[PDB]
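A.B. asks: Return a 3D structure for these sequence lines:
(chains A, B, C, D, E, F, G, H and I, ligands or ions: 3)
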Amino acid sequence: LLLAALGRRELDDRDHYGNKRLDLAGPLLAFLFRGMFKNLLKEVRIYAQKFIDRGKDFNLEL
Amino acid sequence: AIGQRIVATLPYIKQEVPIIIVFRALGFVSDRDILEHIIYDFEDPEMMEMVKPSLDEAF
Amino acid sequence: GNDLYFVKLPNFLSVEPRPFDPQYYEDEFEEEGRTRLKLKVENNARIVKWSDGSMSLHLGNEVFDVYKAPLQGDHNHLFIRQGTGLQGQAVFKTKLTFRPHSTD
Amino acid sequence: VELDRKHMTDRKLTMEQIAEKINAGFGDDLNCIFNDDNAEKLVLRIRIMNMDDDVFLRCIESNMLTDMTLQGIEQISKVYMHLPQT
Amino acid sequence: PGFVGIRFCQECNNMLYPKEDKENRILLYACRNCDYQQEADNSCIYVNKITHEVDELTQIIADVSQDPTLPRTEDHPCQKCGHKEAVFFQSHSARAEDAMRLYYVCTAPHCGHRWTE
Amino acid sequence: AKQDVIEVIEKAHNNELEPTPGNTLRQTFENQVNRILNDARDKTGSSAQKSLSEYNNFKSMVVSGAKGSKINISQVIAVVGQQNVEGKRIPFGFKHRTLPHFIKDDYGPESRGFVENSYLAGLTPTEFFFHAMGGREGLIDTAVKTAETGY
Amino acid sequence: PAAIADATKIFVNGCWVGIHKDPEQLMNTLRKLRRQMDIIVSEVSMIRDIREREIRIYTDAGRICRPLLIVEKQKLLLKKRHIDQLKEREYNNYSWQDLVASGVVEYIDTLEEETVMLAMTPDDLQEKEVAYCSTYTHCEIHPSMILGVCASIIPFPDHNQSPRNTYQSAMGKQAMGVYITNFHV
Amino acid sequence: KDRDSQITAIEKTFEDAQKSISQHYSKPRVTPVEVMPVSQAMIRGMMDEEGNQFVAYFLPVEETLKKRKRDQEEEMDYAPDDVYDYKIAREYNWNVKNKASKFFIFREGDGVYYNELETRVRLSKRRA
Amino acid sequence: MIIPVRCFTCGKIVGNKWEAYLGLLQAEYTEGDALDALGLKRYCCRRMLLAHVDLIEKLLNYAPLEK
Ligand SMILES: [Zn+2]
Ligand SMILES: [Zn+2]
Ligand SMILES: [Zn+2]
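C.D. replies: Numbers count the residues shown, from 1 in each chain, chains lettered A, B, ... in the order given. Ligands and ions are numbered 1, 2, ... in the order given. Below is the structure:
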């Protein structure tokens, strides 16, 4: 920031493709999969909690 | 006020924070240490006077 | 007699540094086990020279076409260091440079 | 403060007018002195007449360099003189 | 005139701020965190170069002579080493209007002399 | 024209160029270069226009006013000319370069987007890219002005 | 921190990991490593900014890059033997990957192009009455590869006004043909 | 699995490599011309310094300063890390101290015979 | 997909020339000499034979609907 304010460096170009990244099928499906796996683990947490609160085992398949 | 102040808009915080405050919150309280981390060439007074307002604002 | 006969085979094609002799061979190895036994049974060698210029490896019924890459990064002086003289009697044969990569 | 002959001449300005403007904007509270327009360096020296003093000098420096109108009309940045061919 | 650098306390390593001692009528540099004081040696507290008369030769570094994308010339030999080839480039720095000026650097290794025509 | 631009560049590099009133040195250098290249484009266009016969069909359609202009003939026969982005020469989108094919700090005509070929001659790759940039400017203008003008 | 003045910073995927003293031979070592398909894979970008002493290395995804022919002193590394082995591509299984592994071709990303000096054709590598560069580092495989799928169908696109090429690139997509061989099913 | 099949399969290549060959693998259209039948220790060299361990690099038929490269150890704690140099005399020649630079397998036309002599440890020397 | 019957321009029959054209091409004729051997002298009919893409050969790689 000081180099830019002192004029010793050029401001960065927002449009330079060296400053950009292409979010392809893999990294996009990964974003989906993170959200969806988190939701799945949440649902598993509620389901298992409502069973262990009764002090008995539970079937992870269900 | 007098000169140009450097601030830092941290996440999850809705108010600007001086950079020196952030450096001290990370364990670097001495101004020498903070400018050792910021200014790597102590022979350059231009950088120094441009960071000085931030120090003067956080004492 | 003194020609470069250097080849660089990958891990799954490591041939034995000595001729196959029944007093130096033993049974120790067994889709999972199919790549395991092929290390000490298919791995003696005859590097065929064709007419197009390229070479190929002949260690049985399968043929692995090889390409004699000529590298100027590893110009090591390859030599038969046998323990006999002072410290490994390196015999001057051919300097290794060109590495032939075998593959299926 | 050190001036530069180029900008002094480009506006037909002299230290007399500048010093008058300073002594008018700040009255007698801010003494200013200066040499003639003959030295190789156009220099003029200010002092405060009677926050700490040095900070006050820095503040009035940063203010004078922005709001002290030596010549011209505010809000008019640049002016170009030319002959209209049309 | 030249700029003035920041100086730090010898105890708390915080910056020393300017102060005036009326008793001796002398400039001091004192820390507002600890109780350290020092006798100044410059007597100047602040310097603003509005003209920004900066020698950009100081901003150049000899390593730039290794850039394949810079132009090279054989017409401007080096005054320090006598090498013929030299890279040249413009200021390309903000706050410099007359920036068509060319800066030269010697491509000889370990010489790295920089100059301007 | 390219030698003239080289001369102006050499003058600017040697600080032998003084700015004109109302412009900075960069802007004065740009004005001189653009004037040289516009003069070159107009002179070449005049050469092409005078070369045309009475049987030329471009000249027929331009003369009748049915379609085309003398600048189109100049670009098809003589020279396509300077490509501009936002009213200036091709910007240094790389670091002090318009493309990786040029040296740094190259204010010459070909570096900054002067198409010294005609459409019949064919553009070189850098001329092709710069011309695509200039044409993209027109496409953007056509597609962006509509909403504001309709409002 | 006193060492950071003259030293060169090294960033890897944006993280400042350390500093170095001779960035030039570091870059030479890393480029040799990437061209040998050693620990550095081909898609890794390695930019040396010289004026500011950073060396930024990138391995993350999403970096658009393109292949280019590396250039020696003023010569291509693509010798005639590579073309010979490429001509019999279907017999000796000498493929593109062998061309990349030979250190003859390199993938350069947009950010590393800033540090690259390209030759549009090997004709640029010829010694000229007035040398433009004489220190090229890479060469285009062919400039026509700047075009995409639909612009690569235009014949003589460098003799058209560019809006025309854009309109065709849009209109090749509404053109009738046989969109796929198994259209009967 | 079993050894009675491994013995015959290992001998099987030793026998099949010696049959008649007249055809390629992918497209049997290329005719063969000839055949090249198949411890060790190679001293690597740096390409800038350009190292002349032998007289070949020096463009020499035989040693103009020696007659036998008596590759002797550098010390007692360095069997693989010897000191190869082309000096038959106790002369202060180029002392190339082959440091321990610890598959690169080597073979030769040993009179058209079936053997192998793969390398033990890639050493690399410098001008000491 | 298949060789047209007539030339689109003149109406000369080209449907009976595709197979002969291919046979001439495998006989080491140049495309021009092959087109001359078949009697295609107008560049329209030469266009018809020279620019034809036999897609039917690819459509016959799929098994039919009924055996
Ligand atoms: Zn203190
Ligand atoms: Zn020098
Ligand atoms: Zn016809």
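A.B. asks: Need the three-state assignment for residue I:21.
C.D. replies: helix (DSSP: H, G, I helix; E, B strand; the rest coil).
A.B. asks: Please read the previous query as pertaining to residue F:33.
C.D. replies: helix.
A.B. asks: and if you look at residue B:52?
C.D. replies: Residue B:52 is classified as helix under three-state DSSP.
A.B. asks: That one: neighbour count?
C.D. replies: Neighbour count of residue B:52, defined by other CB atoms under 10 Å in any protein chain shown: 20. (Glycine included, C-beta is placed from N, CA and C.)
A.B. asks: Could you check how far the residue in chain F positioned nearest to ligand 3 is from chain H?
C.D. replies: As assessed by CB to the ion, ligand 3 sits closest to residue F:57 within chain F, at 27.4 Å. Distance, residue F:57 to chain H, using CB to the nearest CB, to the nearest Å: 56 Å.
A.B. asks: residue contacts, residue E:82?
C.D. replies: Applying CB atoms under 8 Å, 6 or more residues apart in numbering or on different chains to residue E:82 gives no contacts.
A.B. asks: What's the separation between it and residue E:106?
C.D. replies: Noted for residue E:82: a distance of 9 Å to residue E:106, by CB to CB, to the nearest Å.
A.B. asks: returning to what we had before: phi and psi next, for the residue of chain F closest to ligand 3.
C.D. replies: phi -80, psi -30 (degrees, to the nearest 10).
A.B. asks: now the strands for chain G?
C.D. replies: Taking DSSP state E, the strands of chain G run over residues G:8-12, G:15-20, G:45-48, G:55-58, G:65-70, G:105-109, G:118-119, G:138-139.
A.B. asks: Make TSV out of those and add mean neighbour count.
C.D. replies: Formatted as TSV, those follow (neighbours: other CB atoms under 10 Å in any protein chain shown):
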stretch	mean neighbour count
strand G:8-12	18
strand G:15-20	13
strand G:45-48	21
strand G:55-58	20
strand G:65-70	18
strand G:105-109	21
strand G:118-119	22
strand G:138-139	23
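A.B. asks: which one of the ones you listed lies closest to residue C:5?
C.D. replies: Closest of those to residue C:5 is strand G:105-109, at 29.7 Å (criterion: CB to CB).
A.B. asks: distance between the ends of stretch H:121-128?
C.D. replies: The straight-line separation of the ends of stretch H:121-128 (CA to CA, to the nearest Å) is 20 Å.
A.B. asks: mind listing what's buried in it?
C.D. replies: H:121-125 (16 or more other CB atoms under 10 Å in any protein chain shown).
A.B. asks: that's a strand at residue D:23, yeah?
C.D. replies: No. According to three-state DSSP, residue D:23 belongs to no strand; its state is helix.
A.B. asks: That one contacts residue D:32, correct?
C.D. replies: Yes. In this structure, residue D:23 is within contact of residue D:32 by CB atoms under 8 Å, at 6.1 Å.
A.B. asks: More neighbours: which of those two?
C.D. replies: residue D:32 (17 against 14).
A.B. asks: Domain-wise, how is chain E divided?
C.D. replies: E:1-48, E:49-117 (curated CATH domains).
A.B. asks: of all those domains, which gets the most neighbours per residue?
C.D. replies: domain E:49-117 (a mean of 16; mean count of other CB atoms under 10 Å in any protein chain shown).
A.B. asks: Tell me the spatial nearest neighbour of residue F:1, not counting adjacent residues.
C.D. replies: On the basis of CB to CB, 6 or more residues apart in numbering or on different chains, the spatially nearest residue to residue F:1 that is not a chain neighbour turns out to be residue F:40, at 3.3 Å.
A.B. asks: The most centrally placed residue in chain F bridge partners, please.
C.D. replies: By CA atoms, centre = their mean, chain F has its centre lying nearest to residue F:82, at 0.6 Å. For residue F:82, the beta-bridge partners are residue F:114 (DSSP bridges).
A.B. asks: any idea how far it is from residue I:10?
C.D. replies: Distance check for residue F:82 against residue I:10: by CB to CB, it reads 48 Å.
A.B. asks: What of residue A:14?
C.D. replies: 59 Å.
A.B. asks: which one's the longest strand in chain H?
C.D. replies: strand H:32-37.
A.B. asks: max-length helix in chain G?
C.D. replies: In chain G, with assignment by DSSP state H, the single longest helix is helix G:23-35.
A.B. asks: Nice, that's everything, thank you.
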